[PDB]
Amino acid sequence: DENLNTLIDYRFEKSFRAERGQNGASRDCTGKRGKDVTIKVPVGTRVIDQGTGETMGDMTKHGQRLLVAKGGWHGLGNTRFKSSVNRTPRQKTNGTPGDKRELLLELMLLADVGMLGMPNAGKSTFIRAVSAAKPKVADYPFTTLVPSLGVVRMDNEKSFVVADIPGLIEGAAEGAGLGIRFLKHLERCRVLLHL
Amino acid sequence: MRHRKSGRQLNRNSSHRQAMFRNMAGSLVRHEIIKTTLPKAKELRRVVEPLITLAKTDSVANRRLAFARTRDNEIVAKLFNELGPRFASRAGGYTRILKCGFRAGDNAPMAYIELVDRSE
Amino acid sequence: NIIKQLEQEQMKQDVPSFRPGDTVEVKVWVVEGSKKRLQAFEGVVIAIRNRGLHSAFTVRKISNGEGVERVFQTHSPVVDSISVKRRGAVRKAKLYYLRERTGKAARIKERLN
Amino acid sequence: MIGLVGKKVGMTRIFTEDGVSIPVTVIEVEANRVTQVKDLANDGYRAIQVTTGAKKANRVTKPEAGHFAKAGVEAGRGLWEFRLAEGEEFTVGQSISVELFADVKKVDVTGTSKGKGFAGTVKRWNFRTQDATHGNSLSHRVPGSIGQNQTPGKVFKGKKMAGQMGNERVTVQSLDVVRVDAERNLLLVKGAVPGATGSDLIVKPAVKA
Amino acid sequence: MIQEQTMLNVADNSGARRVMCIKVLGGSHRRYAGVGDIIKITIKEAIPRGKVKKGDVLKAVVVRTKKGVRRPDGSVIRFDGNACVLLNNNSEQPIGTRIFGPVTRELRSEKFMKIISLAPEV
Amino acid sequence: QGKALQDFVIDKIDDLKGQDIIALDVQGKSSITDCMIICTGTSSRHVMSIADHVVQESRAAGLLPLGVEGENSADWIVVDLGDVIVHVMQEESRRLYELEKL
RNA sequence: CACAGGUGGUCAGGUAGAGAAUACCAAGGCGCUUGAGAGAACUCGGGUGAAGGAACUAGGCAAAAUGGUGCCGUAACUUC
RNA sequence: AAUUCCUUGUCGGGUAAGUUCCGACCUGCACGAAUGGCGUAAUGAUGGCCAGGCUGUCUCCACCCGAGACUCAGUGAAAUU
RNA sequence: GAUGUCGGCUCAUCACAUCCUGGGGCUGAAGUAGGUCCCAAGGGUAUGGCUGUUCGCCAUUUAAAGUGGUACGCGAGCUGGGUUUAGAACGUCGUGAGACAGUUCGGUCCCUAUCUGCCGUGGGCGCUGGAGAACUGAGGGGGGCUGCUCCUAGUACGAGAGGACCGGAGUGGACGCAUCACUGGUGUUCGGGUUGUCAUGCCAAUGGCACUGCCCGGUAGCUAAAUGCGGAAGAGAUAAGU
RNA sequence: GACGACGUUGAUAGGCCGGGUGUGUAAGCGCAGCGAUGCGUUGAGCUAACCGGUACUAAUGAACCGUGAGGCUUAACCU
Ligand SMILES: Nc1nc2c(ncn2[C@@H]2O[C@H](COP(=O)(O)OP(=O)(O)NP(=O)(O)O)[C@@H](O)[C@H]2O)c(=O)[nH]1
Ligand SMILES: [Mg+2]
Ligand SMILES: [Mg+2]
Ligand SMILES: [Mg+2]
Ligand SMILES: [Mg+2]
Ligand SMILES: [Mg+2]
């Protein structure tokens with residue numbers, strides 16, 4: 001979906017259940033198939049499995065559908081195993097089990113303007129001057145821990161999305177602080193404002 | 001279901017009803033006294049009395065129209081000449097019904113119907 | 001008797017008499033909710049049900065290659081003026097057979113009177 | 001307050017200034033005269049007995065003649081009772097006019113609907129006619145099944161089948177009144193009321209909102 | 001009226017010629033479609049070069065009815081032929097660029113101004 | 001209101017930067033209105049903003065619009081101001097729907 | 001059974017019709033050994049029906065529809 | 001397949017949607033060459049499918065015309081118990 | 001010693017282990033929308049293609065297209081498609097007669113209601129002199145469904161997208177009641193056109209028959225597809241809960 | 001069955017008059033045309049169940065059933 005641009009709804013990693021397939025009833029009554037389960041996902045997410053995992057597919061445009069786990073096959077009843085050899089089939093086949101899969105979703109920032117500055121710079125307070133987002137602002141280093149979004153709408157027709165990024169220190173290059181991993185949410189912004 | 005409906009069926013279709021009334025209407029005026037069942041007599045007045053009223057005025061058109069009913073020239077001949085002057089000074093009620101009990105064959109309500117004076 | 005009191009007191013006394021099968025212009029009042037304007041409707045009348053205040057007549061129009069039939073109430077205030085240009089010559093009260101035959105093959109005649 | 005009792009004379013449309021046609025029912029109401037007034041001490045409930053129209057002297061028998069003479073009222077077609085509304089009062093012999101319906105703007109009409117005689121299941125209870133083809137034999141408008149197998153072993157009360165339909169008291173609620181006439185004694189009510197032309201109707205102010 | 005499995009003409013130049021009203025929208029047990037209604041149609045005859053193809057399923061708006069349209073003064077608006085305007089499935093907007101034939105005023109009441117505006121009649 | 005709503009609508013549309021304002025005096029060709037105004041919209045959001053602006057000012061003026069159509073889709077939205085229909089549509093919609101016929 | 005069944009041969013009018021079909025009649029013979037009422041549900045035999053036209057149903061079952069003469073014209077296939 | 005349990009085999013046509021039908025593949029439980037194999041014009045009160053007209057088959061039944069049903073008069077059963 | 005079976009149609013009723021509407025608790029409940037659990041049976045709870053199918057898959061709606069009982073409800077209510085006596089054929093088995101929880105084509109569904117039951121409608125008597133009316137109400141029955149739009153409000157919430165609770169007003173779907181004022185249907189009792197034939201002595205003009213001979217309209221009545229109304233608000237005591 | 005209205009001191013039903021409705025220019029006469037046919041008389045004739053009036057006809061004087069003051073005890077008043 002184009003509307004979504006965050007994964008806050010999947011940071012609690014709920015267990016999504018596709019209902020048990022209806023058991024075959026007597027008198028040649030075929031059970032109903034379980035209804036499909038659709039999970040709302042933003043555009044641009046990366047799909048990774050745990051254990052020999054690969055990128056199954058990349059979200060491209062709105063409405064694109066990706067198959068992640070195919071449902072189990074139905075269990076054939078005794079009607080399907082009658083022949084001349086055996087005329088009263090007592091054998092029953094269990095339905096093939098569903099796919100138990102671990103999914104990792106990686107999303108990059110969709111903002112148009114990205115900020116990079118020292119913790120002493122007013123990156124967070126600049127969002128307040130350009131938008132109404134209310135991030136945490138204070139007089140101490142590393143006030144913000146995760147990137148936050150903001151939209152600058154001065155006119156109804158035209159607007160752009162600007163995101164503030166947590167500050168980085170002299171030693172952030174090699175690590176030992178917050179690292180350089182929060183610059184991964186870049187290369188998508190059209191312009192990178194520097195404070 | 002007979003709401004504001006008139007016209008009895010008499011266990012006959014439209015063709016038989018029209019012919020039976022036509023034959024009975026000519027017979028009644030020819031003799032001035034006939035004996036028939038109560039329902040037949042009561043619906044006969046809705047035939048002969050309009051015919052007499054038409055016969056009150058004598059014209060080539062009326063006689064031809066009167067000939068279209070009862071399909072008999074002699075009946076038309078007696079009308080416009082005999083029953084015309086007698087009923088000229090009368091406004092309706094040319095016929096009256098006299099109940100006379102029941103038949104011995106089928107036990108049906110029997111009644112005579114005749115003209116007003118009959119000149120007898 | 002009692003009904004006829006409301007019948008007479010509500011009918012219009014300026015209704016023209018038009019024969020079935022004539023070409024009639026009907027001026028109706030159409031409302032958009034703000035302004036009242038007159039809409040014309042030209043066609044040949046095919047059926048008249050003249051019964052007291054409930055009198056009505058059916059007129060037919062061939063517009064854009066499609067036949068449209070519309071009824072009007074002779075005593076309703078929705079109509080404004082009824083006029084006749086050409087008087088048809090048909091010996092039938094109802095002109096329902098015009099629906100089947102095409103207009104070019106259904107040219108009506110004038111009464112010449 | 002109370003209502004009136006009258007006779008339906010027919011139905012007619014009403015044309016408004018904007019062209020909208022309102023189909024109304026014309027009800028004539030004669031000036032009802034109160035024959036009795038009831039009290040808690042005697043009957044335990046408050047009501048007034050009224051009459052309308054006129055009845056022939058020969059047809060009127062002595063018992064009701066004394067009933068009319070006691071109240072000083074002439075003969076009437078019938079008698080009815082209307083329940084009072086805890087504060088309104090009427091006196092014996094007072095004539096009831098129609099102009100009191102100039103503010104109710106909502107009336108309830110009760111009357112005996114048309115008699116349709118012995119009606120079938122399809123006509124009365126709006127059942128579904130079975131198929132007229134595909135081998136169907138002597139069963140088109142029949143009701144069909146009328147119960148389950150021997151476990152109930154009976155037919156429940158209130159089961160829908162053929163019977164006498166109509167010719168019973170029917171109430172139509174929340175009927176708009178269009179116009180009321182005093183000098184002509186006419187009441188114009190929007191919509192259709194139960195009963196045939198000439199039948200007696202009872203009109204009352206609406207009880208619902 | 002207009003019900004399912006009904007042959008329908010077209011009042012626009014989208015490209016279809018004959019469609020099938022095969023499902024009427026509005027609620028459960030919907031029996032009929034009036035003069036202004038949303039119905040589901042399938043294309044039964046269309047121009048090969050038109051904007052729509054054969055067998056497509058989409059939404060349509062009734063324009064003209066055989067039975068007629070009841071005016072508040074006991075006046076009916078009859079027609080010779082049943083016609084509709086084709087609409088997109090997701091958004092109820094006209095597909096054709098023109099309307100051919102007369103259109104009743106009732107579409108104005110139900111806020112269908114696209115058909116009324118570009119219709120050279122009532 | 002007559003001959004004054006013509007200038008009132010043009011002022012309101014031009015107040016929000018409408019482009020290529022055209023007024024069609026359809027006195028008798030159309031049986032629903034007296035005049036028509038067609039205006040262009042730069043983008044999808046602009047078309048909705050123009051439509052909301054003209055409707056909102058009309059309510060304050062004293063005329064309630066009879067309805068609008070192009071709400072979900074901003075390709076073409078219409079406003080019914082009684083005797084006047086005002087169309088505001090995108091750049092593409094003014095050629096697919098050629099409104100020079102009336 | 002005074003039974004809506006079955007039983008061979010001969011005579012073969014007029015009109016319209018190709019005709020022993022069919023419709024009305026001629027000569028001739030009959031009104032079919034229970035009638036009289038009212039016009040409830042429902043059953044049977046029929047007529048018509050707004051809009052849709054098989055959406056009914058196992059199934060276009062039944063109904064509905066076509067139906068004649070003259071002229072023009074008439075496909076795949078084929079043992080021509 | 002009049003022959004296939006697995007089977008609604010797989011693909012395509014027809015339909016918005018086709019366990020039926022038609023066209024290709026052969027994994028023929030369990031076709032097969034006078035207990036004849038394949039094709040075949042015409043024919044069929046033969047089986048299956050689709051299209052056009054037509055319609056109360058249906059949505060959804062309504063009214064009407066006759067014969068019973070109902071009442072009166074006369075005659076007057078039956079199964080079952 | 002016997003049609004009696006599955007499916008479909010008509011008609012339903014009951015239970016709640018509740019599909020929707022109703023009232024809530026928790027939430028990994030920002031909002032809309034969801035997850036789970038409790039109370040709640042008043043009402044409602046789809047149309048088609050395939051197959052005989054119940055069941056299913058598919059297409060498209062709805063708030064939902066609930067789960068079960070009632071001889072897997074209902075054939076002295078209907079259907080006879082499935083299966084299936086007598087015919088025939090294919091595959092297989094057996095030398096064969098024949099057979100096959102293998103397939104294919106065709107193949108009689110009777111009953112006038114005695115009793116209980118139910119739907120309506122009467123007679124007798126009683127209610128303590130008789131009679132004519134009009135009512136209170138002990139009790140019983142019917143109905144109780146809900147979509148969409150607007151204001152509140154683009155407000156609360158939300159960075160934006162998106163988008164409220166409560167309350168109020170309209171407008172629809174299905175169901176029921178009533179009516180014929182309008183639109184229609186029917187209207188073999190009204191008028192007219194027309195074919196064949198016979199009759200009225202003949203022309204003209206009519207009548208009989210041919211499905212009302214075939215048609216065109218159409219009075220009243222009846223009727224729906226037509227138009228009016230209704231589902232309540234409120235009061236008392238409560239379930240879960242606060 | 002039953003319910004409702006009326007029975008001469010009556011509009012209950014039928015008939016009649018007027019009106020409405022429906023159909024559509026009746027028959028006859030003469031003219032034009034050889035004829036079919038059209039024209040003026042003419043929106044004529046006819047018109048069921050619908051509306052308003054009208055005793056012209058049918059709802060007869062009657063007779064039948066249904067009674068003659070309505071049980072006992074006690075309680076509150078009236079003599
Ligand atoms: N007067 C003034 N003070 C400012 C301005 N900008 C920042 N400051 C002050 O300097 C402080 C810097 O903190 P802040 O802006 O929150 O830093 P930050 O953008 O959050 N960076 P980080 O997330 O890494 O901590 C502010 O809290 C405020 O007190 C400015 O324009 N004017
Ligand atoms: Mg910061
Ligand atoms: Mg504004
Ligand atoms: Mg919007
Ligand atoms: Mg917004
Ligand atoms: Mg909104």
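Chain A is the first sequence line, chain B the second, and so forth, proteins listed ahead of strands; every chain is numbered from 1. We use all heavy atoms of the structure for the numbers below, so side chains are in, but hydrogens, waters and symmetry mates are not.
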Notebook entry, point to check: Which part of the nucleic acid, if any, lies within reach of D72(B) when heavy atoms closer than 4.0 Å are counted: base, sugar-phosphate only, or nothing?
Noted result: nothing

Margin query: If a pair means Watson-Crick or G-U wobble with both distances below 3.5 Å, are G80(I) and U85(I) one?
Written below: no

Notebook entry, point to check: Side chains of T95(B) and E49(B): is there a donor and an acceptor less than 3.5 Å apart?
Noted result: yes

Note to self: At 4.0 Å (heavy atoms only), tell me whether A108(B) reaches a base, stays on the sugar-phosphate, or touches nothing.
What the structure shows: sugar-phosphate

Check: Hey, does the side chain of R17(B) come within less than 4.0 Å of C65(H)'s phosphate (OP1/OP2), counting only N and O?
Finding: no

Check: So what does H140(D) hit on the nucleic acid, given a heavy-atom distance under 4.0 Å: a base, only sugar-phosphate, or nothing?
Finding: sugar-phosphate

Item checked: Donor-acceptor pair between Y96(C) and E69(C) side chains, under 3.5 angstrom -> no

Next item on the list: Looking at every strand, decide which applies to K23(E) at a 4.0 Å heavy-atom threshold: base, sugar-phosphate, or nothing.
Entry: base

Next item on the list: For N136(D), answer base if it contacts any base atom (sugar-phosphate contacts may also be present), sugar-phosphate if it contacts only those atoms, and nothing otherwise; contact means non-hydrogen atoms under 4.0 Å.
Entry: sugar-phosphate

Notebook entry, point to check: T88(A) near the nucleic acid: base, sugar-phosphate alone, or nothing, with a heavy-atom cut-off under 4.0 Å?
Noted result: base

Item checked: Sugar-phosphate, base or nothing in reach of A133(A), heavy atoms under 4.0 Å -> sugar-phosphate

Notebook entry, point to check: Should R4(B) be listed as having a side-chain N or O under 4.0 Å from OP1 or OP2 of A220(I)?
Noted result: no

Next item on the list: Indicate, with a heavy-atom threshold strictly under 4.0 Å, whether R11(A) touches base, sugar-phosphate, or nothing.
Entry: nothing

Notebook entry, point to check: Are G18(H) and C6(H) a pair by Watson-Crick or G-U wobble criteria, both distances short of 3.5 Å?
Noted result: no

Note to self: Considering every strand and a 4.0 Å limit on heavy-atom distances, what is the contact class for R80(A): base, sugar-phosphate, or nothing?
What the structure shows: sugar-phosphate

